[PDB]
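Close look at the chain arrangement
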Amino acid sequence: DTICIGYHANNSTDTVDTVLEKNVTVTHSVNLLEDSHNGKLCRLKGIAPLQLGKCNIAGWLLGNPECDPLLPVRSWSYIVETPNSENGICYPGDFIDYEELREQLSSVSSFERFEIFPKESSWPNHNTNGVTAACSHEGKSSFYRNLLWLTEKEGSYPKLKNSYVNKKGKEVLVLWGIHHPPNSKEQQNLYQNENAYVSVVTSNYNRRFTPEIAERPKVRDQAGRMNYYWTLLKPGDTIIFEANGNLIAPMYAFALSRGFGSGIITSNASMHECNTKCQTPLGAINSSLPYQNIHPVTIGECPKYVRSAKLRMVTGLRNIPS
Amino acid sequence: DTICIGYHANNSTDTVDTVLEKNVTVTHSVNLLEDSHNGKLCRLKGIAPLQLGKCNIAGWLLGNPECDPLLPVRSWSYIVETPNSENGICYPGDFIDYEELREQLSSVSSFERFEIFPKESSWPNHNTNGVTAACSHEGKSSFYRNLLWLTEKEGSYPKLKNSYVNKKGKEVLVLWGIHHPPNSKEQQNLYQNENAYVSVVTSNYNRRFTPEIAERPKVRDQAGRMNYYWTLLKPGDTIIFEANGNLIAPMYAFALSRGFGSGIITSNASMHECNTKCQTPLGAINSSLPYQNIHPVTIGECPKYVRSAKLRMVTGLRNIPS
Amino acid sequence: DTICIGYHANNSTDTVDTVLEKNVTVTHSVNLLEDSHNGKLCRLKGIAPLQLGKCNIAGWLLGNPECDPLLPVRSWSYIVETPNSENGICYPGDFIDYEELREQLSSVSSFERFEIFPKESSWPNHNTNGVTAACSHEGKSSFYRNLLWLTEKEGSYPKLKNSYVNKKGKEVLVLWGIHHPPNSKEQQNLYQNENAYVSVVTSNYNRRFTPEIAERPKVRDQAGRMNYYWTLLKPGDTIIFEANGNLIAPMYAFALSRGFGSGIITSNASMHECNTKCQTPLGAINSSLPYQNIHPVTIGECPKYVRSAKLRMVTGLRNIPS
Amino acid sequence: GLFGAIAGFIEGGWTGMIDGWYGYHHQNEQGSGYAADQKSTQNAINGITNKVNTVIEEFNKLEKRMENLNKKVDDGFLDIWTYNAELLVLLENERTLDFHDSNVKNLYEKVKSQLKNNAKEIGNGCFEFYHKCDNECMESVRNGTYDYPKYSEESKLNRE
Amino acid sequence: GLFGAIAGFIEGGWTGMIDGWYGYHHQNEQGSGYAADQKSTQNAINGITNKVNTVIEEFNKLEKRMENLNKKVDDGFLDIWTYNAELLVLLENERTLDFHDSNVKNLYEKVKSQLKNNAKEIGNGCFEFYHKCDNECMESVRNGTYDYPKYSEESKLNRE
Amino acid sequence: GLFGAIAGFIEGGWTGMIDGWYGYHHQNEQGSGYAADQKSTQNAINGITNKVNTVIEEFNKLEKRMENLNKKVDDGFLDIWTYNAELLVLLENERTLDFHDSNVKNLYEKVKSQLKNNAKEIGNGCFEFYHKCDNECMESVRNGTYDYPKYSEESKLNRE
Amino acid sequence: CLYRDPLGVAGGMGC
Amino acid sequence: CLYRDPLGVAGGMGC
Amino acid sequence: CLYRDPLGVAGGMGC
Ligand SMILES: *[C@@H]1O[C@H](CO[C@@H]2O[C@@H](C)[C@@H](O)[C@@H](O)[C@@H]2O)[C@@H](O[C@@H]2O[C@H](CO)[C@@H](O[C@@H]3O[C@H](CO)[C@@H](O)[C@H](O[C@H]4O[C@H](CO)[C@@H](O)[C@H](O)[C@@H]4O)[C@@H]3O)[C@H](O)[C@H]2NC(C)=O)[C@H](O[C@@H]2O[C@@H](C)[C@@H](O)[C@@H](O)[C@@H]2O)[C@H]1NC(C)=O
Ligand SMILES: *[C@@H]1O[C@H](CO[C@@H]2O[C@@H](C)[C@@H](O)[C@@H](O)[C@@H]2O)[C@@H](O[C@@H]2O[C@H](CO)[C@@H](O[C@@H]3O[C@H](CO)[C@@H](O)[C@H](O[C@H]4O[C@H](CO)[C@@H](O)[C@H](O)[C@@H]4O)[C@@H]3O)[C@H](O)[C@H]2NC(C)=O)[C@H](O[C@@H]2O[C@@H](C)[C@@H](O)[C@@H](O)[C@@H]2O)[C@H]1NC(C)=O
Ligand SMILES: *[C@@H]1O[C@H](CO[C@@H]2O[C@@H](C)[C@@H](O)[C@@H](O)[C@@H]2O)[C@@H](O[C@@H]2O[C@H](CO)[C@@H](O[C@@H]3O[C@H](CO)[C@@H](O)[C@H](O[C@H]4O[C@H](CO)[C@@H](O)[C@H](O)[C@@H]4O)[C@@H]3O)[C@H](O)[C@H]2NC(C)=O)[C@H](O[C@@H]2O[C@@H](C)[C@@H](O)[C@@H](O)[C@@H]2O)[C@H]1NC(C)=O
Ligand SMILES: *[C@@H]1O[C@H](CO)[C@@H](O)[C@H](O)[C@H]1NC(C)=O
Ligand SMILES: *[C@@H]1O[C@H](CO)[C@@H](O)[C@H](O)[C@H]1NC(C)=O
Ligand SMILES: *[C@@H]1O[C@H](CO)[C@@H](O)[C@H](O)[C@H]1NC(C)=O
Ligand SMILES: *[C@@H]1O[C@H](CO)[C@@H](O)[C@H](O)[C@H]1NC(C)=O
Ligand SMILES: *[C@@H]1O[C@H](CO)[C@@H](O)[C@H](O)[C@H]1NC(C)=O
Ligand SMILES: *[C@@H]1O[C@H](CO)[C@@H](O)[C@H](O)[C@H]1NC(C)=O
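Residues numbered from 1 in each chain as written, not as in the entry; some residues may be left out. Chains lettered and ligands numbered in written order. Heavy atoms only, no water.

Per the PDB record, this model was obtained through X-ray crystallography at a reported resolution of 1.59 Å.

See below:
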């Protein structure tokens, strides 16, 4: 009669590494690394992302005409640019502190787009119908939906002053532009005053702008330029615009709501009616395991990105069947 | 006759965690985590902190009248602002490169406040008695103790030029202001010259300033503004002020001594006659253990901050009394 | 008859540390820490570094005359400044965005220095022979080799305009200067026009400059100053210079080739005909071990810097000879 | 392995022991078969479960320095977490295999300590009884209640 | 535990052994009592002491990117050091308990190796002598100087 | 040490065993000498080799905040990597010494298990045979092919 | 059908 | 009263 | 002359 002590073996082919030995076959192991994605853009907490498509953040917020389908979207779980996000500033120029503006939008989960200065009541004694072929739409010259090109009327551009008081209970993003014509003749044809100025002031913002006339290498058929500026008007505060030329005035502004856990990613993936807790630019990934090697850029409740190709912990025994 | 081998047990209720098991009762253990503070602000190496109280760094260094009790303090182990640190710039405006100035002060362990430009000998043919209700004291209009409001005298503001040579053997912090009146009438009433300029130059600093007249939303009863500027004048170098208007001139400046291990914290705690090696904004903490979970902001020789609620190492045995 | 089980001992004096015990003598161990250097500057992949010697990056790229031996060097494995790297801006002034320029050069592995604007054909009706004693050479007044001091001719400084189209297939670094004379008399003697301007524009760069006349504390015998500016002209783009005074014009520019693994170090070590995979400012080091304690600044394929004085792993046994 | 049992003096595992991680094979007149030690298997599952749960818990063109600092931060954190993840898994895998080895060794020694000189220790994990050990006897060995005095006389006669 | 002694074949600890971490209980005609093994206790204190000593050694509104980079750095370092602290303590606690287990196991085996077949090994940490073992005999066992030939004949007669 | 053999029941090492890490010393009528156990030595070299291979795989004056953030990043990474390097080496050194201890212990137990009561276990790593064990016999012990039944009768007579 | 294995670190145990 | 325990990793040992 | 030790973690073994 005999009794023997022994241990379990099976047909597992799982392998793990240790410090003393590589590729040990074991009876049971656990993968610790998410290493697949579903190739889709998905909702977070039931909320879809804002897909800018062929537009970038500048084209969206200025209202580049080619971005009209974006205008009514009011809330999103993250912002998606494409490699094709080309429609931005259609009249060439510099977007001042653009990267800071993107950083601000990265924590915005919704906003209200509203008329800060109605077109036909805010700027008496000026023309408000300026368009340009650089911002075309339907093969016709057009302009930013959220700004307004003020020009002389009846050979005169009187000094203007207008103000807006923020009674939204939320920060208001205000954008405007300054036109820099290529030569003095265009300056006088558009704004009459050669030594024009613009002033924009809040309680905690102030800047003066001048025509800065200069002939530039042409971009999109324009020797002149338009610079773009923004500020965040805090609740209760007033913004004041003063000008005798060159102002590309605000028309629509944005009352901002802040949220946690948003961001901006660039992705070639398509939206589907899927749901995830963790989105990457390649696709959605699961969130149960501690690590992932799909992509360093993630949105949501996500595993930690690592470079590892394999992370596998043994739970069972060294497997020695026979 | 018998002999048995065994091990110690006792009445310890200490518990520790391992990888295989949680909450193991052991005969002896050591806490590795400082998890209490004394609720006080304390001295470091016998040196008390500078308590700005109701003032911030701007109010202290400009000499906002409400900060007069701070004027004679010459050395400190760290700088403490309160949630009530409100008295700062009393005449509204922008403090240019303020955050860099705070960063500089974070390594200053003492200074000498001295007269760089005596009031009644430095600015002949100008008035030096300008005050404002925005900087009130004893219910009377007043002004920064370290600056001087130069205005026209007998209907004239002649061009001024003065210089100071740094013979302190140490860097000298020089602060000044530029006044931007709300309208041209105040500009001419105060400084006579409508197209006034200010020039401030050292060997490695140069800046020109202009009136920048503009009507702003009122802050503290002022439609005008005052911007504040600073530079560090290196030993042996000269600073030169030139102006025909708008200069808020330096009167007192600071010869700086640098030290290691200082900093700026915000705290609601009160000073006591206690001594520590490690100060946090909640209170002083001991320094013997490797980790602490009281606060990430520390001054002195301190344990490392961690999020952990418990860090306890077993030294004795698994405790199995019976 | 007997048989015994036992283990190896020898005359090793190697010691290692464990968690329970320090200074354990073992029969064999491995050093994990590179702790010596060869005291030399060496080649990387057969390519020598650029030794700026007594010049800094500014003196090299502007062509300070005292840096003439550097002019023909076209490729390098890293850039070496010395504690004696003094020859830089010889006419005093500010080098705008200098640190960003250094950062750009840190990834340049070669360039082509070429004439962007030939001296005697680019600026008709202006003198091109301006020199200064602040930039002396052979005891004679001289000037930057890569820039050109344009001055009035026959009592006149007509408005100039010239352009360069980048057909290099690579980014072109363009440098220029703006002169700020000490007083209005020198301004008119040199450039005739008191209200002079300079304009520099590319497609993605634009800046206007003015004389900014001001008397400064003298540096290198100069009450005036010269500010230095640069931009990267992308392939296919055009740079345009326009001026009626004060322009220190580009003459030579640099077509840049980018590489990985370069950098800028400061070193007192001398070049030798040696080869390494890892260079530090103290000397070259080997690359076989995982860690090194020679210096945190390294160029090449290098071990990781640590503060440790000893890192030694036991491979053999606790050594108990007897 | 560190404790000498798995891939050691017990050279291989048992595909026939399907119902646990460690256990027994017996042979007597009533037959043969495998039986897991359920107590040691459950205890090991508890420990490995706790171990697994413990493990599973833009810049513009003139801002290149800030861009490179951001990249240094991202790359350095990634280096550290890749290192931490891979090293913890290697170390814990070594410890898990040694834990199983220890569990087998301890079970073997518990049987050896019950049987004393009422069985011969072969050295491959097996014991050959010096007395007839029927199913109740085998179960007493597996359950830690083996009665050495009951069989000592028969065994001493056979051990001779 | 890994070495099978603590909470293993020696099922519980001794509140009566107050003067050390590991040691002995004896019973003979002269009486009974607990005695720490002072050498193994002191050695363990030395090792645990070395282990403990080893363990105990603003932005403005247009600078949000720099503020967030600073926060990323602070948060990432905090994550890493919280992880490092907690993991080192878990790993070292496991190793400390296994160290104590090993120390008990080694002391048990040292006694077993001195006594050989002059005592019967019960399996609970205890040995029952086959000879009378007075206080000097017990002390020789505790001090590693037990004299097996001195008692082998008496023991063989009793073991029979 | 954890497994009790090195600097334990085998008190010291052998400078005379030059040809391996663990092994044997014998004495019989034909003479004496040291011989490494080549299998266990090679296996240990393989493991330690895998372990070693596993281990071996400006700002301007108005930019002080950015300069200090850069320094915080550099200093924090340096602190972390110095800690990681030193701790991994301490932990792995402890494990290496315990690995060698285990290897010696396992070799000792393999010999003990072959010899059974055909030899007397002294307790210092040595066995004294109850039968004459010539060079072929010694080699069979070293190679794991010792034939206990061949010598059991002679040994039982001498053990008496 | 024998063990409490809520994480499934072991297999089905034949049942 | 028995051991050198300068860190006090063990208790008072009854003395 | 006895072992495969490509890293040289052991000594010369007397040969
Ligand atoms: C690998 O082994 C598996 C079993 O091991 C278990 O599972 C693995 C993953 C691991 O956790 C181990 O630790 C576990 O022990 C195989 O899966 C089993 O396959 C068998 C088939 O042989 C299944 O069984 C049958 O179940 C039927 C329904 O209950 C019974 O009717 C049937 O009885 C007949 O056959 C047997 C002989 O097998 C006779 O003795 C009877 O008298 C009667 O004639 C069997 O009992 C069992 O259910 C499976 N278990 C699991 C957990 O899946 C696996 O085999 C593969 O997978 C199964 C599902 C089928 O697809 C097989 O054809 C296939 O080979 C092994 N894999 C490989 C590649 O060999
Ligand atoms: C927990 O146990 C403690 C003892 O264990 C030691 O300390 C702990 C922390 C740990 O390190 C263990 O490893 C150690 O072994 C208790 O503390 C002891 O309490 C006893 C009281 O019973 C104290 O003793 C007395 O000391 C007096 C002065 O020397 C003696 O006169 C007295 O003798 C009389 O009583 C005894 C019976 O106890 C008789 O046999 C005598 O003949 C005589 O009549 C005792 O010897 C001892 O000094 C304490 N040791 C320490 C280190 O403090 C602890 O008990 C608590 O703490 C003590 C201080 C008192 O407040 C107790 O009332 C109290 O219960 C235990 N704690 C709990 C909660 O039970
Ligand atoms: C430390 O020990 C070394 C040997 O241990 C080996 O190497 C070390 C590093 C470690 O890896 C251990 O694990 C290894 O086992 C010494 O090096 C050896 O020295 C001896 C000298 O005694 C050398 O041997 C001689 O070799 C000659 C050529 O083959 C033989 O002719 C000679 O034979 C004569 O001498 C012997 C007595 O030694 C007689 O028995 C013979 O009959 C005959 O008369 C020897 O065999 C051996 O080659 C060396 N091995 C190595 C690997 O270097 C080392 O000694 C030092 O180093 C050597 C090189 C010489 O410089 C010695 O003088 C010197 O002391 C030890 N070091 C110290 C400080 O003691
Ligand atoms: C482990 O297995 C993988 C895949 O089978 C193989 O690529 C690798 O080389 C193996 N490593 C070793 C050390 O055998
Ligand atoms: C996520 O896990 C589920 C199972 O819970 C699986 O079906 C799905 O494919 C996983 N998703 C990805 C992208 O791997
Ligand atoms: C450990 O004990 C604490 C407090 O007694 C309790 O909160 C926790 O749930 C316990 N954990 C386990 C695993 O029992
Ligand atoms: C610091 O330690 C001392 C004992 O050394 C203790 O009395 C004091 O309360 C501790 N301070 C805090 C804040 O815990
Ligand atoms: C270890 O040895 C070094 C050098 O011999 C010595 O400086 C150090 O103090 C020693 N440490 C201990 C704990 O003995
Ligand atoms: C690098 O290693 C070689 C041996 O491979 C050695 O000769 C040389 O001195 C080493 N260099 C330094 C700087 O230590």
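Quick word on the overall build of chain A
A count of helical and extended segments in chain A gives three helices and 28 strands. Computed over its C-alpha atoms, the radius of gyration of chain A comes to 29 Å, more than 25% above the 20 Å expected for a compact globule of 322 residues. Expressed along its principal axes, the backbone C-alpha trace of chain A runs to roughly 120 × 45 × 35 Å. Put simply, chain A has 32 plus and 31 minus side-chain charges, and the middle of one group is 2 Å from the middle of the other. (Helix = DSSP H or I, 4+ residues; strand = E, 2+ residues; numbered from the N terminus. Rg over C-alpha atoms; globule rule 2.2 N^0.38 Å. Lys, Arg positive; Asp, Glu negative; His and termini not counted. Charge placed at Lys NZ, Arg CZ, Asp CG, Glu CD.)

Remarks on the overall build of chain D
Each helix and strand counted, chain D has four helices and four strands in total. The order of α-helices and β-strands along chain D, N terminus first, is β-β-α-α-β-β-α-α. In terms of principal-axis extent, the alpha carbons of chain D reach across some 95 × 25 × 25 Å. A burial count over chain D gives 57% of its 160 residues as buried. For chain D, the accessible area works out to roughly 7000 Å², and carbon and sulfur atoms hold 48% of it. A gap of 4 Å separates the mean positions of the 18 positive and 26 negative side-chain charges of chain D. (Buried < 20%, exposed > 50% of the residue type's maximum accessible area, 1.4 Å probe, protein only. Areas by Shrake-Rupley, 256 points an atom, 1.4 Å probe, with all protein chains shown as cover.)

Concerning the site of ligand 7
Residue and element names in this part refer to chain B. In the neighbourhood of ligand 7, the contacting residues comprise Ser36, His37, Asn38, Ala284 and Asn286. Within the contact set of ligand 7, an oxygen atom lies 2.3 Å away from a side-chain nitrogen or oxygen of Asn286. Summarising the interface, the protein chains cover 36% of the accessible area of ligand 7, which totals 360 Å² for the free molecule. Taken together, the residues of the shell around ligand 7 break down into one nonpolar, four polar and no charged. (Near = heavy atom within 4 Å. Polar contact = N/O pair within 3.5 Å; in protein donor to acceptor, adjacent residues only side chain to side chain. Nonpolar A, V, L, I, M, F, W, Y, C, P; charged D, E, K, R; others polar.)

A short note on the domain arrangement of chain A
Residue and element names in this part refer to chain A. What the domain assignment reports for chain A is domain 1 (1–41 + 273–322) and domain 2 (42–272). Placing a centre on the C-alpha atoms of domain 1 and another on those of domain 2 gives a separation of 49 Å. Counting residues at the interface gives 17 residues for domain 1, matched by 19 residues for domain 2. Taking both sides of the interface into account, the surface hidden between domain 1 and domain 2 amounts to around 1300 Å²; carbon and sulfur atoms contribute 64%. (Domains from an automatic or database assignment. Contact = heavy atoms within 4.5 Å. Buried area = accessible area lost by both parts, 1.4 Å probe.)

Considerations on the state of the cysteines
Inspection of the entire model under this criterion finds 21 disulfides over all chains. Across the disulfide from A:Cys42 sits A:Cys274; the S-S distance is 2.0 Å. Looking along the S-S bond of the A:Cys42-A:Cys274 disulfide, the torsion reads about -95°, which is the left-handed sense. Taken together, the residues span a long stretch of sequence, with A:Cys42 in strand β6 (residues 40–44) and A:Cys274 in strand β22 (residues 270–276) at a distance of 232 residues. Paired through a disulfide, B:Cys278 and B:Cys302 show a sulfur-sulfur distance of 2.0 Å. Judged by the sign of its S-S torsion, about 110°, the bond between B:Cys278 and B:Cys302 is right-handed. Separated by 24 residues along the polypeptide, B:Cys278 in strand β23 (residues 278–280) and B:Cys302 in the loop between β26 (299–300) and β27 (304–305) bring together distant segments of the chain. Note on B:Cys278: relative accessible area 0%, which makes it buried. With relative accessibility at 25%, the residue B:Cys302 sits in the partly exposed group. (Disulfide = S-S within 2.5 Å.)

Quick word on the interface of chain A and chain D
Each partner contributes residues to the interface: chain A has 41 residues there, and chain D has 58 residues. Interface area for chain A against chain D, summed over the two sides, is near 4400 Å², with a carbon-plus-sulfur share of 65%. Where chain A packs against chain D, one counts two salt bridges. For D:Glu58, the salt bridge identified is with A:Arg102, shortest N-O distance 3.2 Å. Here chain A and chain D share 27 residue pairs in polar contact between them. Mapped onto the side of chain A that touches chain D, the elements with two or more residues apiece are β1 (2–7), α2 (98–105), β27 (304–305) and β28 (312–314) of chain A. At six residues, β1(A) tops the list of elements feeding residues into the side of chain A that touches chain D. Here the side of chain A that touches chain D is composed, by residue class, of 22 nonpolar, 10 polar and nine charged. When β1(A) meets strand β4 (residues 126–129) of chain D, the two strands line up antiparallel, connected through three bridges. Bridge pairing links A:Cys4 to D:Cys126 in β4(D). (Salt bridge = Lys/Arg side-chain N within 4 Å of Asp/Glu carboxyl O. Pairing = 2+ DSSP bridges.)

So, the interface of chain B and chain A
Contacts between the two partners involve five residues from chain B, matched on the other side by eight residues from chain A. Buried area between chain B and chain A, both sides added, is near 490 Å², and the carbon and sulfur share of it is 51%. Linking chain B with chain A are four residue pairs in polar contact, by the criterion used here. Grouping the constituent residues of the side of chain B that touches chain A by class yields one nonpolar, no polar and four charged.

Quick word on the UniProt feature "disulfide bond" in chain D
In this model the sulfur atoms of D:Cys133 and D:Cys137, a pair UniProt annotates as disulfide-bonded, sit 2.1 Å apart, close enough for the bond to be present. The same class applies to D:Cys133 and to D:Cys137, which are both buried. (UniProt positions renumbered as here; feature names shortened; annotations may be inferred.)

Description of the relation of the copies chain B and chain A
The transform that puts chain B on chain A rotates by 120° and translates by 0.0 Å along the axis, for an RMSD of 0.0 Å. What the rotation and shift describe, once combined, is the action of a three-fold rotation axis. (Least-squares fit on C-alpha atoms.)

A few points about the site of ligand 5
All names here are of chain A. In the vicinity of ligand 5, the contacting residues are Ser36, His37, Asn38, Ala284 and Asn286. A distance of 2.3 Å separates an oxygen atom of ligand 5 from a polar atom in the side chain of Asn286. A total of 360 Å² of accessible area belongs to ligand 5 in isolation, and the protein chains cover 36% of it. Taken together, the residues of the shell around ligand 5 break down into one nonpolar, four polar and no charged.

Overview of the packing of helix α2 (residues 98–105) of chain C against helix α2 (residues 64–115) of chain D
Running from N to C, α2(C) and α2(D) point in directions that differ by 55°, and their axes come no closer than 9 Å. Comparing the axis directions of α2(C) and α2(D) gives the class oblique. Residue-level contacts link C:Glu99, C:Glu100, C:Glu103 and C:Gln104 of α2(C) to D:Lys64, D:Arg65 and D:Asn68 of α2(D). The residue makeup of the contact of α2(C) with α2(D), split by class, is no nonpolar, two polar and five charged. (Axes fitted to C-alpha atoms, helices over the stretch in contact; angles between N-to-C directions. Parallel < 35°, antiparallel > 145°, perpendicular 65-115°, else oblique.)

Remarks on the side chain of E:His25
For E:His25, the position within the fold is in strand β1 (residues 22–28). We classify E:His25 as buried; its relative accessible area is 18%. With sequence-adjacent residues up to four places away left out, E:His25 is seen in contact with B:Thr2, B:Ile3, B:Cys4, E:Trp14, E:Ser32, E:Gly33 and E:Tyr34.

With respect to the UniProt feature "disulfide bond" in chain A
Residues and elements named next belong to chain A. For the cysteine pair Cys42 and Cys274, annotated in UniProt as disulfide-linked, the sulfur atoms lie 2.0 Å apart, within bonding distance in this model. With sulfur atoms 2.0 Å apart, the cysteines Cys55 and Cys67 match their UniProt disulfide annotation in this structure. With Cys55 in the loop between β7 (50–53) and α1 (57–62) and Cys67 in the loop between α1 and β8 (79–81), this residue pair connects regions lying 12 residues apart in the sequence.

Remarks on the sheet that holds strand β8 (residues 79–81) of chain B
Residue and element names in this part refer to chain B. Strand order across the open sheet formed by three strands is β7-β8-β21, with parallel pairing between neighbours. Only two strands of the sheet have a single partner each, and these edge strands are β7 (50–53) and β21 (264–266). Put simply, the sheet's adjacent strands are angled 25° from each other on average, direction ignored. Across three bridges, the pairing between β7 and β8 is parallel. Bridge assignment links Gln51 to a residue of β8, and that residue is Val80.

Looking at the environment of B:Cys4
Within the secondary structure layout, B:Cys4 lies in strand β1 (residues 2–7). Residue classification places B:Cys4 among the buried residues on the basis of a relative accessible area of 10%. Sequence separation between B:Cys4 and B:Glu154 is 150 residues; the distance between their C-alpha atoms is 109 Å. Ignoring any residue separated from it by four or fewer positions in sequence, one finds B:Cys4 in contact with E:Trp14, E:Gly23, E:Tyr24, E:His25, E:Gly125 and E:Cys126.

Things to note about the sheet that holds strand β5 (residues 33–34) of chain C
Residue and element names in this part refer to chain C. The three strands are arranged β5-β25-β27 in an open sheet whose pairing can be described as parallel. Of all the strands in the sheet, just β5 and β27 (304–305) have a single pairing partner and so form its edges. Bridging between β5 and strand β25 (residues 291–292) involves two bridges; their strand directions are parallel. Pairing of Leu33 across the sheet is with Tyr291, part of β25.

Some points on the packing of aromatic side chains
As enumerated under the stated definition, the model contains 81 aromatic pairs over all chains in all. Relative to F:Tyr151, the ring of F:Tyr146 has its centre 5.6 Å away and its plane inclined at 15°; by these criteria the two rings are stacked. We note that F:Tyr146, like F:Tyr151, is buried. Following the ring pairs from residue to residue traces out a cluster consisting of A:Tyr91, A:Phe95, A:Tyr98, A:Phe143, A:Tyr144, A:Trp149 and A:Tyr228. Above the ring of C:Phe114, the side-chain terminus of C:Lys168 is found at 4.2 Å from the ring centroid. (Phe/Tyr/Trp six-rings, centres within 6.5 Å; stacked < 30°, edge-to-face > 60°. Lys NZ or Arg CZ within 6 Å of the ring centre and 35° of its normal.)

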